[PDB]
Each structure stands twice: as structure tokens, then as C-alpha cells.
Amino acid sequence: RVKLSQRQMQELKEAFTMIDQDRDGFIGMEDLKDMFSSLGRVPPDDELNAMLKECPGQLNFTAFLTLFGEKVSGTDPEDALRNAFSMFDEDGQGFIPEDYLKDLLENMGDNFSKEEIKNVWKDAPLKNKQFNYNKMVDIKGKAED
Amino acid sequence: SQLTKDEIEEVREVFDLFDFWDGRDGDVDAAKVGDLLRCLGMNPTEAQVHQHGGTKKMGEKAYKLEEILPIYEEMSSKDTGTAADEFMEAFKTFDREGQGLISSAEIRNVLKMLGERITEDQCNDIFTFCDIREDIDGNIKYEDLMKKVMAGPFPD
Amino acid sequence: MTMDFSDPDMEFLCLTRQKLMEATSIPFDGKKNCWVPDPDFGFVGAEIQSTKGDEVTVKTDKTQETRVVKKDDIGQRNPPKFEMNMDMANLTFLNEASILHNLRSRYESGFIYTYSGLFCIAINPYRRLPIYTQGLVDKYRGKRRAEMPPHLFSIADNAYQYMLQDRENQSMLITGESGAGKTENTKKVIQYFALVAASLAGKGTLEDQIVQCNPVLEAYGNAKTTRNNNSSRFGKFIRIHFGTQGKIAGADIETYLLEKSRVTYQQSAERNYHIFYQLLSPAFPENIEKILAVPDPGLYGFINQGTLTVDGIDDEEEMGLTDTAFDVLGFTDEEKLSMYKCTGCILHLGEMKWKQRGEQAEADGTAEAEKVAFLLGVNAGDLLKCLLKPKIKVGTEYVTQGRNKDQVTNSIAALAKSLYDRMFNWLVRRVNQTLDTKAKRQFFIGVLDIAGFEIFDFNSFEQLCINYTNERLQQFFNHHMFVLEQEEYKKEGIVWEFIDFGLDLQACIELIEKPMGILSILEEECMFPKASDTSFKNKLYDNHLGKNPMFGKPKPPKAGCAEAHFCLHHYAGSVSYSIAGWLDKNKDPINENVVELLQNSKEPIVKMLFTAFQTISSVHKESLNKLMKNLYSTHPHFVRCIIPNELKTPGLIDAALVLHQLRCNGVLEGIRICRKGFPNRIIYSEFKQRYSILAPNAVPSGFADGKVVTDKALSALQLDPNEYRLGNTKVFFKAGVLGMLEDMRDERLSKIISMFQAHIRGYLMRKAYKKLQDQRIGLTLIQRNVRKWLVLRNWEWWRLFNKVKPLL
Ligand SMILES: [Ca+2]
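What counts and how
Residues numbered from 1 in each chain as written, not as in the entry; some residues may be left out. Chains lettered and ligands numbered in written order. Heavy atoms only, no water. UniProt positions renumbered as here; feature names shortened; annotations may be inferred. Helix = DSSP H or I, 4+ residues; strand = E, 2+ residues; numbered from the N terminus. Contact = heavy atoms within 4.5 Å. Axes fitted to C-alpha atoms, helices over the stretch in contact; angles between N-to-C directions. Parallel < 35°, antiparallel > 145°, perpendicular 65-115°, else oblique. Left-handed = near helix turned anticlockwise from the far one by under 90°. Nonpolar A, V, L, I, M, F, W, Y, C, P; charged D, E, K, R; others polar. Pairing = 2+ DSSP bridges. Buried area = accessible area lost by both parts, 1.4 Å probe. Salt bridge = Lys/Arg side-chain N within 4 Å of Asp/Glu carboxyl O. Polar contact = N/O pair within 3.5 Å; in protein donor to acceptor, adjacent residues only side chain to side chain. Donors = N, O, S within 2.8 Å, 3.2 Å for Na, K, Ca; no water. Buried < 20%, exposed > 50% of the residue type's maximum accessible area, 1.4 Å probe, protein only. Core = buried A, V, L, I, M, F, W, Y, C linked by side-chain atoms within 4.5 Å. Expected span 1.5 Å × (residues − 1).

1. Considerations on the UniProt feature "binding site: Mg(2+)" (unreviewed entry) in chain C
All names here are of chain C.
Okay, so step 1: The feature "binding site: Mg(2+)" (unreviewed entry), as given by UniProt, occupies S232 in the numbering adopted here.
Okay, so step 2: In this fold, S232 is placed in strand β9 (residues 228-232).
Okay, so step 3: Not counting residues up to four positions away in its chain, the partners in contact with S232 are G221, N222, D449 and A451.

2. Quick word on the UniProt feature "domain: EF-hand" in chain B
All names here are of chain B.
Okay, so step 1: On the UniProt side, "domain: EF-hand" is annotated at positions that read residues 6-43, 82-117 and 118-152 here.
Okay, so step 2: Along residues 6-43, the helical share is 58% and the strand share 5%, with 20 Å between the first and last C-alpha atoms.
Okay, so step 3: Across residues 118-152, the secondary structure splits into 57% helix and 6% strand, with the terminal C-alpha atoms separated by 18 Å.

3. Digging into the packing of helix α3 (residues 152-166) of chain C against helix α4 (residues 182-197) of chain C
All names here are of chain C.
Okay, so step 1: Here α3 crosses α4 at 50°, and the two axes come no closer than 10 Å. When the interaxial angle is binned, α3 and α4 end up oblique. Classified by chirality, the crossing of α4 by α3 is right-handed. Facing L152, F153, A156, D157 and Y160 of α3, the residues of α4 in contact are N185, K188, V189, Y192, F193, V196 and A197.
Okay, so step 2: Residues that form the contact of α3 with α4 fall into these classes: nine nonpolar, one polar and two charged.

4. Thoughts on the pairing of β9(C)
For a regular strand, side-chain orientation follows a simple rule: the groups alternate between the two sheet faces.
Okay, so step 1: Two elements, strand β8 (residues 222-225) of chain C and β9(C), share three bridges in a ladder whose sense is antiparallel. Residue pairing for β9(C): C:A223 is matched across the bridge by C:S231.

5. Considering the sheet that holds strand β21 (residues 730-733) of chain C
All names here are of chain C.
Okay, so step 1: Across the sheet, which stays open at both edges, the three strands sit in the order β19-β21-β20 with antiparallel pairing between neighbours. Because the sheet does not close on itself, it has two edges, and the strands there are β19 (680-683) and β20 (724-726). Mean inter-strand twist for the sheet, computed between neighbouring axes without regard to direction, equals 15°.
Okay, so step 2: For β20 and β21, the ladder comprises three bridges, and the chain directions are antiparallel. Bridge pairing in β21 links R725 to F732.

6. With respect to the interface of chain B and chain A
Okay, so step 1: Each side of the interface is counted separately: chain B has five residues, and chain A has seven residues.
Okay, so step 2: Summing both sides of the interface, chain B and chain A together bury roughly 450 Å²; the carbon and sulfur share of this comes to 53%.
Okay, so step 3: Where chain B meets chain A, there are one salt bridge.
Okay, so step 4: One can count three residue pairs in polar contact joining chain B with chain A.
Okay, so step 5: Of the residues contributing to the side of chain B that touches chain A, the split by class is two nonpolar, one polar and two charged.

7. Focus: the coordination of the calcium ion
All names here are of chain B.
Okay, so step 1: Coordination of the calcium ion by the protein comes from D19 (O), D22 (OD), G23 (O), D25 (OD) and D27 (O), over a distance range of 2.6 to 2.8 Å.
Okay, so step 2: Considered as a linear motif, the donors of the calcium ion on their single chain read D-x2-D-G-x1-D-x1-D. This pair shows no difference in class: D19 is buried, exactly as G23 is.

8. Comments concerning the sheet that holds strand β18 (residues 635-642) of chain C
Residue and element names in this part refer to chain C.
Okay, so step 1: Taken in spatial order, the seven strands make up an open sheet running β5-β6-β18-β7-β14-β10-β11, and their pairing is mixed. Only two strands of the sheet have a single neighbouring strand rather than two, namely β5 (113-116) and β11 (248-256). Each strand axis lies, on average, 20° off the axis of its neighbour in the sheet, ignoring direction.
Okay, so step 2: Strand direction decides the pairing type here: strand β6 (residues 119-123) and β18, joined by four bridges, are parallel. Paired with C120 across the two strands is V639, which belongs to β18.
Okay, so step 3: Against the sheet, helix α22 (residues 616-631) contacts β7 (170-175), β11 and β14 (443-449), and its axis sits at roughly 150° relative to β11.

9. Observations concerning the nonpolar core
Okay, so step 1: Counting 223 residues, the largest nonpolar core has C:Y220, C:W582, C:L627, C:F733 and C:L741 as its most contacted members.
Okay, so step 2: Looking at this core, the element that brings in the most residues is helix α14 (residues 405-435) of chain C, giving 14 residues.
Okay, so step 3: In contact with C:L741, other than residues within four places in its own chain, are C:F687, C:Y691, C:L694, C:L714, C:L717 and C:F733.
Okay, so step 4: A:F85, A:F95, A:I96 and B:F15 belong to the second-largest nonpolar core, a separate cluster that totals 50 residues.

10. Details of the UniProt feature "binding site: ATP" (unreviewed entry) in chain C
All names here are of chain C.
Okay, so step 1: Mapped onto this numbering, the UniProt entry annotates "binding site: ATP" (unreviewed entry) at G176, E177, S178, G179, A180, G181, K182 and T183.
Okay, so step 2: Within the secondary structure, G179 is located in the loop between β7 and α4.
Okay, so step 3: Excluding its chain neighbours within four sequence positions, the residues that come into contact with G179 are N124, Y126, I642, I643 and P644.
Okay, so step 4: Residue placement: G181 occurs in the loop between β7 and α4.
Okay, so step 5: What makes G181 buried here is its relative accessible area of 10%.
Okay, so step 6: Residues in contact with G181, not counting those within four places in the same chain, are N124 and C641.

11. Things to note about the environment of C:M352
Residue and element names in this part refer to chain C.
Okay, so step 1: Residue position: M352 is located in the loop between α11 (335-349) and β12 (355-357).
Okay, so step 2: When its relative accessible area of 7% is taken as the criterion, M352 is described as buried.
Okay, so step 3: Between the C-alpha atoms of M352 and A416, which are 64 residues apart in sequence, the distance is 12 Å.
Okay, so step 4: With residues up to four places along the chain from it excluded, the contact list for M352 reads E368, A369, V372, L384, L387 and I412.

12. Observations concerning α3(C)
The α-helix advances 3.6 residues per turn, and as a result positions three or four apart in sequence lie on the same side.
Residues and elements named next belong to chain C.
Okay, so step 1: For α3, spanning 15 residues, the distance from its first C-alpha to its last is 21 Å, which sits close to the expected 21 Å at 1.5 Å a residue.
Okay, so step 2: For α3, the buried fraction is high: eleven of the 15 residues fall into the buried class.
Okay, so step 3: If you check which residues of α3 are buried, you get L152, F153, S154, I155, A156, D157, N158, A159, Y160, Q161 and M163.
Okay, so step 4: Looking one or two places after α3, you find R167, whose phi comes out positive at around 55°.

Below is the structure:
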């Protein structure tokens with residue numbers, strides 16, 4: 001839980017700050033739509049506000065961390081995840097053999113739903129009906145494709 | 001009689017691992033009672049495992065932790081599980097010259113032809129794992145084999 | 001096996017380490033494999049299928065066939081450890097089948113020698129075998145029996161050691177009929193005492209100075225008997241003498257029990273001695289004329305009663321060799337004549353006819369009488385005179401003329417028999433002269449050859465005498481065995497609880513020789529003029545029927561299948577005898593006058609008849625008593641030559657013929673006795689190494705005492721304390737204990753291997769375990785991170801912060 005490590009919080013410090021400039025630290029309505037300008041994408045009213053709903057009211061940086069109290073829940077650190085995928089990759093990199101991984105998630109450990117399985121297949125980095133884990137680990141945090 | 005609190009906690013530990021691997025749901029496929037039991041330190045023969053609930057193919061039967069507990073202690077009632085003493089008198093039945101050496105061709109023959117036959121693969125594995133070498137024809141020390149096998153994969 | 005299993009000479013004595021290793025590991029299940037009666041091959045190995053009441057169901061091996069054998073007909077077969085076994089005393093299951101197998105299996109693998117307790121069994125190979133090399137002799141010289149594999153040399157050698165060791169005479173009794181090769185064996189035993197005599201350290205050989213005689217002795221002492229073409233009807237003891245250094249000092253032959261009766265009576269498919277049919281053959285016509293006869297055997301009542309010739313026997317050739325040998329033994333052709341003339345004389349005696357007036361018999365032909373009178377060199381007038389009407393005495397001399405017809409004929413047959421008997425003794429005194437060497441004698445190792453136990457479809461007064469003889473011989477053996485097992489049990493401190501084994505045959509022997517016994521009842525009944533095969537019969541019944549276990553009675557057979565009058569239970573089985581004729585066959589009265597008168601003229605006859613009225617049975621008893629008085633004065637050894645088959649061919653076994661000999665042999669009798677004690681005896685060390693697997697313990701094998709181990713393996717098996725006895729160096733087992741033990745070892749060894757395979761299965765899995773734990777942590781981190789991703793991948797903010805920072 002507090003797993004919101006300093007690396008994660010400080011990272012979130014620079015995040016909440018670029019926006020801000022709002023009357024002494026408050027990611028307000030404008031702070032947001034303004035952001036979506038240098039963001040290169042569309043900003044919708046109602047939604048911009050629906051995002052506020054999530055915290056009691058008024059977003060400093062503290063509440064901004066408390067808001068991310070669903071992000072921490074599972075987030076095992078950076079590397080840890082890559083090593084975890086490693087264990088099922090004998091043939092060094094190029095990665096895991098699709099079948100395996102399916103049987104691995106679908107009917108072993110904490111079984112995956114035939115529905116959770118697809119949510120995963122839709123994106124899943126694949127080729128030669130084989131999986132790409134380092135590219136999947138990347139997607140988790142994501143620095144883009 | 002009756003297991004202890006710590007004994008139970010132990011079985012549970014091996015148990016959780018096992019049902020985790022065939023799908024965490026509180027059940028372990030019966031075709032895994034022997035492996036399960038081996039992970040608790042025991043060395044059951046296939047006759048013992050079958051007379052206690054093991055099946056051959058998966059998907060047939062399942063056991064909760066509470067059902068396996070009694071199987072574990074019944075199982076552990078038997079005492080001729082085997083001693084160094086016993087394994088030694090047996091190898092000597094085959095020790096032609098009485099030095100403690102036996103052709104690895106023969107031991108492997110024993111292991112794959114006699115008793116509850118073992119697989120070609122399983123024989124190589126245990127020989128590689130116990131690091132037991134054969135010489136020119138200054139073969140295999142069968143006691144070397146016995147001790148390492150009885151000592152387990154994780155010595156120290 | 002011994003010395004070097006691979007050494008070349010041992011090819012027909014050992015079996016190679018590998019080949020035996022092989023032979024001892026064939027498949028087996030003491031719980032089903034077994035022995036079963038086979039109408040053809042005596043006994044056969046098989047496996048049990050089912051069971052119910054006293055009706056077992058089985059399946060045989062070599063042929064496959066589900067037969068239904070009764071419970072007391074299933075035979076325990078010995079486990080593989082015992083195959084190709086050297087001494088049948090070691091067998092754990094000692095039944096007939098097992099005896100048959102051990103012997104057969106070894107002969108069918110080229111081995112002819114096998115030990116059975118004291119006996120050394122040697123089956124005829126019917127082909128020269130390397131076995132008798134002066135190279136092998138050295139591989140036996142001085143060694144104690146157990147040091148080397150079975151071999152006749154072993155018994156002969158040890159008999160030689162014992163002689164020099166205990167300084168007492170030795171004897172070797174060798175049994176075996178026709179194609180058993182009994183003579184070769186005696187030959188090779190005598191050769192051996194020779195090789196070792198001059199071995200120590202510094203015109204004719206012994207084996208040949210003696211074999212030289214056999215043609216003559218056999219002409220007068222062998223004959224064809226219902227079941228044997230050449231049967232010695234006398235016993236001969238070849239005593240080979242030695243000096244105080246073990247040096248061969250001489251030899252000689254003493255004979256016993258010549259069957260005179262044959263001289264004047266043959267039954268059906270039999271015939272008198274060989275010589276008679278030899279003389280009357282076309283080889284030496286002159287002789288046939290000096291004898292005063294015509295070459296037609298069938299013309300003399302004393303020769304024609306039975307058969308005229310035998311299959312596979314050439315009389316001319318024999319009369320030839322017989323005569324030739326007569327010269328080699330080196331004896332004046334004039335003596336060689338008398339001998340032939342006396343033989344011839346016996347021919348005519350049987351022709352003399354007699355008629356009577358009231359009760360005084362008289363001649364009728366006078367031609368024969370003068371032929372006999374002459375051949376013997378005496379006056380026919382007188383002969384007829386002292387035969388027809390002699391004269392004896394008081395203070396004066398009366399005419400004992402009592403003689404009638406029945407008395408003279410009989411009186412004459414007696415003469416014939418008496419002549420032959422003296423002729424034979426003399427004939428032996430001669431070879432002995434041919435053998436006497438200058439040397440001094442100190443000890444001797446004699447070899448005995450005697451007619452073995454006989455059982456025909458029709459046994460008469462001749463069979464009884466021979467069986468009576470063997471019975472006392474078997475007893476002799478039983479006793480020797482008794483004295484050694486007693487010494488053995490005392491050597492190991494075990495409790496000996498037995499009465500002399502010899503006594504097991506005393507009842508039969510007593511039923512034959514004690515007052516009121518068969519022979520004595522026969523004798524007394526011989527003194528009653530009107531006695532009959534019926535009065536004698538009833539007097540046997542009166543005296544013994546139902547009054548003695550040994551004496552039984554048969555029952556009327558197949559119309560012609562002769563009527564039996566009583567049966568005795570001999571060690572070789574039960575024999576049924578006919579009584580017809582015994583009263584006639586037994587009379588052998590001496591007629592003083594004929595003797596005094598016969599003490600005249602012709603040189604041999606003087607000597608011969610120069611050296612009451614009795615009987616053949618009283619003389620048999622006397623000769624038998626003497627033979628025995630001599631055997632019990634020596635340390636005996638027993639060889640048993642065996643005829644493998646009717647059709648002289650290598651490697652073939654006739655089951656019934658072999659078993660039969662084993663029962664007459666005393667072999668099956670000695671095993672009967674082993675059964676009653678503790679036949680199996682193992683040294684503690686051999687037991688420890690073979691059965692420790694039955695009660696393992698942590699004490700390292702090299703510190704564990706064998707006896708201590710044996711004791712604990714046995715009680716831990718809760719084995720009946722009645723089945724064994726711990727000695728000072730060995731444990732004594734009864735029948736079948738090792739049978740059980742071997743079966744448990746195989747059982748336990750199989751369970752122990754499964755257990756080891758179990759520990760390996762454990763090791764492999766317990767190692768795979770740690771990998772399984774690591775992979776779990778791994779698959780856990782994956783399943784929840786992928787899941788936490790499936791969420792945030794749509795939560796706007798997650799997206800933002802993902803863009804908001806690449807732009808820092
Ligand atoms: Ca499960």
C-alpha cells in the first residue's frame with residue numbers, strides 16, 4: 001500500500017507541478033484544460049469535472065497522492081516484473097511461447113477469466129504465435145510503443 | 001497420534017503450493033498426492049500411494065487440505081520406508097567382487113527393469129544430480145549413490 | 001565348483017563362473033513352481049494354477065498341459081541357488097523328483113559325477129571324456145573332497161589318505177549293473193592307487209595284471225539272468241595291498257557267495273554259467289571230444305533248462321578270449337584240460353538215469369556213469385556202488401544203502417554243484433598265485449563288486465538270497481552313516497537323538513536268518529520226506545503272517561503271472577516271492593563215500609576233493625557272514641555307477657531306470673535318513689552374507705559376527721526352533737528351511753529396490769519443488785500486475801501522468 005514509493009511520489013510531484021501554477025498548488029479546472037493544450041489532444045467539459053469527483057474537493061498534491069490509492073495497490077516495482085516473466089522463458093528473450101502463457105494464466109495460479117484473457121490478447125506483443133514480455137512490461141508503466 | 005499444529009502448518013504450505021499450480025481453489029488433484037507427499041519429506045512407493053488415494057490420470061479426483069492430512073499421517077504409519085542398512089544389503093546382492101563397485105549399466109538396469117521401474121530420463125537425472133561418476137571401468141560406488149540420494153537435492 | 005572355473009580340465013567337472021551364474025538366476029517362484037509326476041520322464045517341473053480339496057490344478061513347463069494332480073503329488077522344487085548342485089545332501093527339498101532333477105540336469109550338461117552324502121554317483125557318459133588326466137590327478141591328489149568338484153578320484157584319493165592317516169584297511173563298494181561301466185571305474189580306481197603309490201617323491205601294470213583275470217572268472221561266475229545279459233553270480237573283493245609308506249605292495253582276490261544252484265537249474269529266460277555254452281561252441285572241437293560231448297548245448301538237462309544263447313553275445317569268441325586269458329594267467333594247458341573236463345563231467349552227471357525196485361534205485365545206461373567215472377579217474381563200478389548203495393558204520397560197517405531214486409538224482413546234482421564250487425575256488429587260488437608279489441603287505445584298500453538288489457516279475461529262492469545279501473550290505477552302510485553323523489553332530493555340539501540307522505533293516509534281516517525265520521523253516525522242512533511247497537508255505541504263514549510287519553502276503557495275478565506266496569519289505573521296496581521248488585533247490589547233501597572215493601586218481605580231483613548232509617541256505621549264511629565280518633573291519637567308501645538308459649547313448653536319461661537303481665542303490669535310502677535329521681548345514685559367514693538382507697542393521701557388515709547375525713535373522717523370522725540348531729561353526733537346518741529363506745530374500749530384495757526407487761522419486765520431486773515455489777512468486781506477480789493494468793489502462797489520470805512526464 002504505502003508502496004507509493006518516493007520514486008513514485010516524487011515522480012508524481014513533477015507531474016502535479018507542471019499543471020498547477022493554480023493559486024498556490026491546486027490542479028484546478030483551468031490548470032487541466034490548459035494542460036491538454038501542450039498535450040496535443042481534446043479536452044471535454046463535463047469530464048474535466050468528472051475527474052474532480054474522485055477526490056473530496058480541491059486537489060493539492062497530498063490529495064493527488066491519495067487519489068492514486070488504487071495505482072499503488074498492485075504495482076510491484078520496475079524490474080521485479082521483468083524477472084517474474086523471465087522464469088517462464090528458457091529460450092532467452094524473444095520470449096514466452098503463447099500456448100504456455102495462455103495455459104499459464106488461464107488455468108494455473110490465480111486463473112484468468114476467458115474474458116480477462118482477451119483483454120490481454122487484444123494488445124499483447126506477438127509474433128510467431130509467441131509472446132514478448134519485455135515489451136509487455138514496458139506497456140505496464142509505458143514509455144509508449 | 002494426530003498431527004501437531006506446526007505439522008499441519010507444514011502440510012498446508014506444501015498443499016497451498018500444489019493447488020496453486022493446478023488452479024488455486026482449495027483442491028489438489030489426486031494424481032499429485034504422491035508428489036505432494038514427497039514434498040513433505042516422505043518417500044512413498046507407488047503401491048503405497050495407490051492404496052492411499054492416488055489415481056493415475058488428472059481430472060479424476062480432488063482433495064481438500066483436510067482430506068490430505070489424514071492420508072499423510074496414515075501413510076507415515078509404515079516404518080519399513082527403508083534404511084541405509086537395507087539399501088546396502090540390496091546393492092551387495094549385485095556386488096560381484098565385494099568392493100562396493102557396480103557397473104552403472106547394471107544399477108541402471110536394476111532401476112529401470114526391477115521394482116517399480118524407473119524412466120530412462122529419471123535415471124540420468126539422479127546420476128547427474130548426485131554427481132556420481134563412473135571411471136574407466138572403476139565404475140560407480142553404490143554407497144556414494146545411496147548417500148547422495150538419501151541426502152537430497154539441497155544438501156547444506 | 002573349485003579352483004578355476006575357467007581352467008580347461010574342469011570343462012566336464014565344473015561349469016564356468018558365468019555359465020553357473022547364469023544357471024543359478026533363471027526365473028522362479030517358490031509359491032508356484034514345482035515338481036509333478038510324469039508318466040514319461042518320471043517327474044517334471046510345473047506351476048500351480050488353482051486349488052480345491054485334495055485336488056490341485058497345475059500347468060507344466062517344457063510341454064504346457066493343465067493336469068489335475070493330487071495334493072500329496074505336488075513336489076517342492078529347489079530354488080535356483082541349488083541348480084547344478086554338487087552334493088544332493090545340500091538340497092533343501094530332498095524328494096525323489098529333486099534327486100532325479102539334480103542328477104539329470106547335471107548329466108544333461110555333460111557332468112557325470114554327483115555326490116549324495118557319502119555316495120559318489122557316476123553316471124555312464126557313453127563316450128570318452130577328458131576327466132581322467134594325470135594332470136587332473138594332480139588337481140586332486142591330497143585334497144579333501146569339498147576342495148574340488150565331484151570326481152571318482154576324490155573318493156579314491158581320500159580312501160588312500162585315510163589309510164595312511166588312520167592306518168586301517170579301506171574298502172570301496174561299487175554297485176551298478178551292465179552298462180553302468182562298473183568295471184571301467186574299478187579299473188580307473190586301481191590305476192589311481194598306482195599313480196599315487198609311486199607318486200610321493202622318488203611285465204604288466206596293476207590294472208592289467210588284474211583285468212587279465214576277468215575273462216576266466218567271468219566264464220565260471222557270470223551268466224545271463226532274466227534282466228541282465230552278463231551277471232556275476234558271485235562277489236569278488238579285489239584287495240590292493242600297500243606297505244608302510246603308502247607304497248603299492250601287492251594284490252589278490254577273495255570271492256564269496258558263488259550261486260551253485262545255477263549249476264543244476266535255470267529258470268525260463270536264463271541259463272547256466274557262460275563257460276558251458278562256450279565249451280559247446282565251434283572253437284575248440286577237440287576239447288568237445290575230450291569232454292565226451294557233442295556241440296549241442298540243448299542236450300544236457302543241467303544246461304538246457306533255460307535259454308541256449310543271449311542277444312549280443314558271441315560264445316565262440318568268448319570261449320576264445322576265455323581260453324586265451326587262461327594262458328595269459330599262465331597255466332599249463334593240461335590243467336586247462338581238467339578244468340574243461342570237470343566242466344564237461346558236470347554235463348554227463350545230469351544225463352545219468354535212475355530206476356528203482358521197491359525203494360532201492362539202480363542204474364540205467366551205465367554209459368554216463370563210466371563217462372563221469374573216467375573224466376574223474378575213478379572206477380564206475382565203485383562210484384555206482386557208493387551212489388546206489390554206500391556203506392558207513394558203528395563199530396562195524398552197515399550198508400547205508402537206504403538210497404532210493406529221489407535220493408540218488410539229488411545226491412548227484414549235489415556232486416555236480418560240489419565239483420563246480422571247488423573248481424571255482426581253485427580257479428581263484430590261481431589268479432592269486434598270478435598276483436602274489438615278493439613285497440610285504442601292511443594295509444589294503446579292497447574293491448567289492450557284488451550282485452545288486454534284484455526284483456523280477458518272478459522272484460524265487462535265488463532272489464531272496466541276493467536280496468538278503470544286499471540288505472546286510474545296505475545295513476552296513478546305514479551303520480557307517482550313523483557313526484559319522486554322530487561324530488558330526490558332536491563336533492558342533494548338537495543333540496544327537498538317534499538309534500543306529502542300521503537297525504532300520506534288522507527286522508527284515510532277522511525275518512530271514514533267525515531261528516523260525518524263513519531260511520530255518522525252509523531247512524527243517526527239508527528234512528521231511530513228504531514235505532511240500534504247501535506244507536512249507538503253511539509253516540511260513542503259521543509262524544509269521546500277521547505276526548510280523550515285514551512279512552506280508554500278495555494275491556493271485558494274471559492267470560499265467562506266477563503265484564506269489566509272500567512278500568518282504570526290503571530297503572529297496574517290497575518284493576513278492578514264489579515258494580515253488582525251494583525244498584528241492586535247497587537240498588545240497590554231502591555224501592561222504594563219494595568224497596573218500598573221489599580222493600583218488602586224476603591230480604586235480606585229488607587236490608579238489610582233498611582240501612549232516614547240508615543245504616544251500618546254510619552255506620549262503622556262512623559265506624555272507626564271512627563277507628560281512630570282513631567289511632566291518634574296514635573303513636568303507638561308496639561309489640554308485642548308473643545306467644542312464646536302455647539304449648546305450650550319451651546325455652539321455654531314462655527316469656524310471658535311474659530311480660529304480662537309486663532304490664536298489666541305497667542312495668534313496670541314505671536320503672531317507674538325511675530327511676530324519678538336519679541335512680542342511682551352513683557356515684555362519686555364508687549365512688550372514690546370504691541372508692543379512694532379511695534383518696539388516698546399522699552395524700557395518702565387517703564387524704558383525706556371523707553367528708550373532710544368523711541367530712537374529714532366524715528368530716526375527718520367528719522360525720520354529722525345531723527346524724534348526726545352532727552349532728559351533730554352522731547352523732543345522734531341516735528340510736525346506738532354506739527353501740523358505742531363499743523365497744523371502746527374493747521377496748525382500750524386490751521390496752527394497754522399490755523403496756530405493758521411491759527415494760529417487762522423492763529427491764527428483766523435492767528438487768523440482770524449489771523451482772515450483774520460485775515460479776509461483778513469479779506467476780503471482782504477473783497475474784496481478786496484468787490485472788492492475790487492465791484497470792488503469794482506461795483511468796484517464798493513468799494516461800495523463802504517462803504523457804505529463806515524458807515531457808519533464
Ligand atoms: Ca487447485
